[PDB]
Amino acid sequence: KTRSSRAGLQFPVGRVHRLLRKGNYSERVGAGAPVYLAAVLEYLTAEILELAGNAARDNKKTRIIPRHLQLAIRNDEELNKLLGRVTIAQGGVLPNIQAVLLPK
Amino acid sequence: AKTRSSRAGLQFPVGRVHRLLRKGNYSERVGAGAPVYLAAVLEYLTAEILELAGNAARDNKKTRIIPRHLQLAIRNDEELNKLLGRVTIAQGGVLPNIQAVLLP
Amino acid sequence: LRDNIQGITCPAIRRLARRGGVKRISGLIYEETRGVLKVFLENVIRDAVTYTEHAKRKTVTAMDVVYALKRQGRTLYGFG
Amino acid sequence: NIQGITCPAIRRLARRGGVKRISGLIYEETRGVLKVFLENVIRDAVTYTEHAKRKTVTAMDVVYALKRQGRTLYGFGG
Amino acid sequence: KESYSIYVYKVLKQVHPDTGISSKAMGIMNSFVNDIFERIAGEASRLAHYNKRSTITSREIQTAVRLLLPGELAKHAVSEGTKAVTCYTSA
Amino acid sequence: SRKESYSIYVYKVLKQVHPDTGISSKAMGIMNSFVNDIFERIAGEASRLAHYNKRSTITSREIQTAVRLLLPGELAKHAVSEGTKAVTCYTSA
Amino acid sequence: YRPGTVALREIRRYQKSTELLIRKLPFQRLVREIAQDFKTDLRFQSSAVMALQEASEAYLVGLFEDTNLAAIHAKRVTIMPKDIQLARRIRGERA
Amino acid sequence: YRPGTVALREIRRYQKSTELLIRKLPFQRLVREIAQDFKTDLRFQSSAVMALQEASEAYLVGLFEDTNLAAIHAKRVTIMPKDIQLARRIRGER
DNA sequence: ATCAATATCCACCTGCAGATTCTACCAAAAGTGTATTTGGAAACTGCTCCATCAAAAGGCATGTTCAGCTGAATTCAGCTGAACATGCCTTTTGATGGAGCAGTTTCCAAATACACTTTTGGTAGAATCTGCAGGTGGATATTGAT
DNA sequence: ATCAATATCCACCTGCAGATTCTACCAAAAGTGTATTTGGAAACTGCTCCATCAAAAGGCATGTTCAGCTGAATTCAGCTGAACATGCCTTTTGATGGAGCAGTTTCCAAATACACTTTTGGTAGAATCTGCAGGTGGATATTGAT
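Residue numbers (the deposited numbering), protein chains in the order written: chain G, 15 to 118; chain C, 14 to 117; chain F, 22 to 101; chain B, 25 to 102; chain H, 34 to 124; chain D, 32 to 124; chain E, 41 to 135; chain A, 41 to 134.
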């Protein structure tokens with residue numbers, strides 16, 4: 015009967031609604047707000063996780079590790095633009111050698 | 014019958030600051046000390062700019078401070094400039110400086 | 022309204038650059054600068070307008086432009 | 025102890041950073057620079073620390089400071 | 034004592050059921066969900082505060098999300114946002 | 032519509048530091064969005080500090096730490112000076 | 041006057057001054073045009089168009105300051121598209 | 041092997057890897073040392089010294105990326121202090 | 001261009017240790033259900049503020065001209081950084097011990113929140129004041145060719 | 001080294017448009033007195049955090065040798081700045097209509113505020129598995145020489 019399943023999510027609408035008033039973002043939270051927010055986090059979450067597991071699996075292995083996350087974020091134009099000022103610890107950088115440094 | 018600004022010897026409003034503090038939702042409870050302190054720090058900083066500003070006004074020939082005078086005052090004080098490092102001052106112009114190499 | 026971007030003249034650009042402390046300016050600088058200026062505006066306004074039509078307004082206010090500018094981290098005093 | 029930062033480890037960095045040929049005077053520059061970077065993170069962290077009345081500086085403190093410098097960091101807290 | 038780790042794992046097991054996740058990696062995911070949480074919500078609060086409403090509705094989270102997510106990510110984000118609010122309005 | 036502003040105060044302070052001197056309109060505007068920007072920086076940081084250290088009340092102690100966080104060098108020093116002396120000269124009824 | 045010096049006392053002519061340097065009108069027409077790709081029938085406060093002016097000009101003066109440095113760095117004295125392209129990738133505007 | 045190519049094969053050796061490249065210890069004492077100028081008797085979570093490391097290095101790979109562009113831009117292939125100081129003023133650190 | 005010797009990887013194999021996942025519990029959230037409250041949505045309407053338009057004026061953009069000086073390309077030498085191989089030492093690590101302190105509870109004194117009732121401080125024009133924009137004219141530096 | 005050819009100042013004036021001051025409410029602090037949380041203030045777990053030790057390891061410090069690349073200086077061609085006449089369109093000033101911002105009232109649809117009623121999520125063991133570390137063996141991929 016929980017409201018996450020009532021909106022067909024797998025992130026918690028409750029825990030989110032709570033975090034929302036208990037942060038002081040205003041004094042009153044619409045009943046829609048935590049639903050929606052719960053959703054956007056679930057969508058974005060799946061988008062990274064998918065690009066990630068794809069990277070892991072392309073790279074030999076059954077599970078996603080910080081390398082797979084950093085790969086997934088830095089190859090998608092948009093996710094990378096969202097996470098442009100975030101460091102993924104344990105993640106390394108993407109391969110890039112300037113054309114000029116190349117032989118002959 | 015005694016005001017709280019005059020109670021701390023500020024001339025920024027402690028009351029009105031305390032209000033803004035509760036009506037922003039920075040939390041649910043604002044200590045009686047907080048708005049005092051803040052009222053002061055804003056009065057202080059204000060005075061530091063206004064000071065450098067009026068100085069800029071008089072050697073820049075004039076009786077009142079204008080955006081040019083403010084922009085001068087801030088971009089010449091190391092600290093103020095770094096506080097206001099990502100702020101654009103409308104109608105303030107740029108500080109004068111020409112690269113060494115471009116000179117005759 | 023069509024292709025008004027070229028109203029941004031090569032002498033006004035070269036005034037900017039002069040304020041910018043530039044002494045000698047290439048030719049291809051001008052439409053690069055046009056590219057850049059258009060891009061910049063496109064971003065500010067996209068946000069601005071969004072702030073407008075969150076307020077259910079058909080008039081885009083100064084304060085909206087202020088807010089987008091604050092979000093882009095290009096904070097702006099004196100209309101705010 | 026800043027000299028504990030070796031020239032082969034700097035050049036490992038720069039190599040990951042995609043550099044092919046590295047001057048000599050790069051090393052004392054990089055040392056200067058790293059020192060500065062730390063000084064700012066750490067100052068903010070330690071401030072967060074002794075606001076909590078602590079004598080132990082936590083990771084999360086380092087996280088917060090990093091978020092204030094705009095160098096946000098995932099995988100320890102936020 | 035809490036985290037989102039459980040949920041990130043549910044969703045993972047939607048998009049890649051055969052696939053799993055390192056610990057340090059799950060950590061990366063969690064401080065991510067909180068970074069985005071905080072970003073959207075803050076922007077919502079500014080929007081409440083600017084337009085002088087003391088209540089944050091799904092509408093704020095929506096405008097916030099069109100403000101903060103770049104390009105097509107905002108499009109789909111807004112989609113599954115409103116879809117979950119509608120399929121919530123029903124029950 | 033009461034258009035609230037700090038202009039009275041910024042002028043008071045002005046006439047402390049330069050009694051003979053005045054200020055443009057646009058200049059006064061600059062001054063106001065400045066006072067609000069600094070207000071926000073300080074207050075926000077104070078509030079995050081609240082949330083971090085799990086206290087639901089913002090005291091002067093936060094405004095202080097926040098101020099040492101945002102103001103660089105000797106400006107933070109003197110800001111903390113007159114913050115603390117204004118609260119102490121306030122406690123005395 | 042030899043090429044180089046009108047440039048220089050232009051530089052200081054315009055640095056001591058706080059006038060907007062793009063003309064108010066063509067500008068306003070560009071703003072209006074770009075906006076109309078996001079919403080239509082949109083009407084602008086005159087001050088909004090003003091702020092947009094002040095901002096985008098300040099941004100462009102800045103980008104020119106940096107670009108000036110990139111050219112000076114690269115043997116040169118004369119600013120070119122690759123320079124702006126650098127300043128903007130380092131600034132991480134388009135990376 | 042010709043001057044130039046162990047460099048390149050280093051570049052891809054270290055780019056595929058997510059290893060911290062400063063040694064954990066000397067780093068740790070630099071951290072502690074700098075700290076000691078802000079508060080005394082200070083004690084660090086092992087993880088804080090770690091996060092500081094991930095941060096500082098990540099930052100340094102970044103600065104090396106830009107500084108690399110400043111050099112490539114300036115006719116060259118070999119990074120120099122003028123390169124780092126440009127990247128730091130354009131980035132607006134200085 | 002290939003040639004063959006180096007050095008570098010990569011693929012494919014493999015047993016097992018360290019994680020990760022999976023399960024079993026209950027304190028702790030989230031959901032229910034009810035009775036109040038309250039914002040902000042609905043619905044006029046008062047009035048700025050914006051969009052045109054015009055008209056007259058110059059203020060600037062254009063286009064052109066043309067020569068200098070700057071960017072681009074080469075040349076070249078010396079010297080700096082890469083590469084490599086050596087011998088040593090600083091780091092790594094792997095538990096183990098000792099203990100400084102984060103982290104939790106249990107209360108309450110002190111601090112803050114309410115809810116109205118008082119008592120000004122601050123805003124909006126209206127009534128005054130006076131720097132300053134714009135205009136001039138030789139003084140005062142800059143700049144440039146012989 | 002100097003003037004002339006120019007451009008810039010700096011001083012000197014004035015009526016105005018724009019601060020500055022004055023006035024009059026009005027909405028917001030301030031005052032009072034119960035009505036509460038809250039965050040210390042002690043008292044104490046259980047934990048990370050130091051601090052060693054001690055090997056053993058690899059990672060660093062050094063020095064040599066030298067190729068390749070960084071800078072300096074040249075040369076030239078073209079391209080950008082300076083200069084000016086042409087005439088255009090942006091700018092100013094004032095009027096005109098009206099769109100769509102704002103302000104207020106009215107008052108439910110929506111959210112809050114508790115007190116239980118259920119159920120979820122987190123901790124800490126319980127039960128597999130995914131990589132790791134290590135190993136030839138085959139081409140890769142360079143490298144200098146016919």
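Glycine included, C-beta positions come from ideal geometry on N, C-alpha and C.
Per the DSSP calculation, residue i is bridged to which residue(s)?
{"i": "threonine 96 of chain F", "result": "C:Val100"}
{"i": "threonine 80 of chain F", "result": "E:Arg83"}
{"i": "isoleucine 119 of chain E", "result": "F:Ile46"}
{"i": "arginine 79 of chain D", "result": "Answer by DSSP bridge pairing: none, since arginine 79 of chain D is not bridged."}
{"i": "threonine 30 of chain F", "result": "In DSSP, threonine 30 of chain F forms no bridge with anything."}
{"i": "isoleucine 78 of chain C", "result": "D:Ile54"}
{"i": "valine 43 of chain G", "result": "H:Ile89"}
Given residue i, which residues of its chain have a CB within under 8 Å of its CB, disregarding the five upstream and five downstream residues?
{"i": "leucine 51 of chain G", "result": "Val30, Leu34"}
{"i": "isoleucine 26 of chain B", "result": "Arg55, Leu58, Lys59"}
{"i": "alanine 47 of chain C", "result": "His31, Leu34"}
Is residue i buried or exposed, if buried means 16 or more other CB atoms sit within 10 Å of its CB?
{"i": "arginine 83 of chain A", "result": "exposed"}
{"i": "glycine 104 of chain D", "result": "exposed"}
{"i": "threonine 52 of chain H", "result": "buried"}
{"i": "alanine 113 of chain C", "result": "exposed"}
{"i": "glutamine 76 of chain A", "result": "exposed"}
{"i": "residue 128 of chain C", "result": "Because residue 128 of chain C is not part of the residues shown, which for chain C are 14 to 117, the question remains open."}
{"i": "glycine 22 of chain C", "result": "exposed"}
{"i": "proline 50 of chain D", "result": "exposed"}
{"i": "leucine 49 of chain F", "result": "exposed"}
{"i": "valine 46 of chain A", "result": "exposed"}
{"i": "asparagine 108 of chain E", "result": "buried"}
{"i": "residue 27 of chain H", "result": "Nothing about residue 27 of chain H can be read from this structure; chain H reaches only from 34 to 124."}
Determine whether the Cβ of residue i lies closer than 8 Å to any Cβ atom of chain A.
{"i": "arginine 36 of chain B", "result": "yes"}
{"i": "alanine 76 of chain B", "result": "no"}
{"i": "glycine 102 of chain B", "result": "no"}
Is there a C-beta anywhere in chain E that falls below 8 Å from the one on residue i?
{"i": "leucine 115 of chain C", "result": "yes"}
{"i": "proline 80 of chain C", "result": "yes"}
{"i": "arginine 92 of chain F", "result": "no"}
Taking Cβ positions only, does residue i come closer than 8 Å to chain B?
{"i": "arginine 32 of chain G", "result": "no"}
{"i": "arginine 42 of chain A", "result": "no"}
{"i": "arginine 131 of chain A", "result": "no"}
Would you say the beta carbon of residue i is closer than 7 Å to some non-hydrogen atom of the ligand SAM?
{"i": "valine 66 of chain D", "result": "Ligands in the displayed structure: none, and consequently the ligand SAM is not present."}
Establish whether the CB of residue i and some CB of chain F are separated by less than 8 Å.
{"i": "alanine 91 of chain E", "result": "yes"}
Take residue i and list the residues in its own chain whose beta-carbon comes closer than 6 Å to its own, dropping the five residues that flank it on each side.
{"i": "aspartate 106 of chain A", "result": "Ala127"}
{"i": "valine 66 of chain H", "result": "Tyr37"}
{"i": "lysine 56 of chain E", "result": "none"}
Enumerate in chain order the residues of its own chain whose CB-to-CB distance from residue i is below 7 Å, with the five nearest sequence positions on each side excluded.
{"i": "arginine 92 of chain H", "result": "none"}
{"i": "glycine 105 of chain G", "result": "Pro80, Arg81, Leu83, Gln84"}
{"i": "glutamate 76 of chain D", "result": "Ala97, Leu100, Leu101"}
{"i": "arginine 77 of chain G", "result": "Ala70"}
{"i": "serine 78 of chain H", "result": "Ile89"}
With a cut-off of 8 Å, does the C-beta of residue i fall near any C-beta of chain G?
{"i": "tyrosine 88 of chain B", "result": "no"}
If we cut at 8 Å on Cβ distances, does residue i have a partner in chain D?
{"i": "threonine 96 of chain F", "result": "yes"}
{"i": "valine 107 of chain C", "result": "no"}
Is there at least one Cβ from chain C nearer than 8 Å to residue i's Cβ?
{"i": "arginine 40 of chain F", "result": "yes"}
What residue ranges within the region 41 to 69 of chain A form continuous beta strand (DSSP E) runs of no fewer than 3 residues, ordered along the chain?
Counting only runs of 3 or more, we get nothing.
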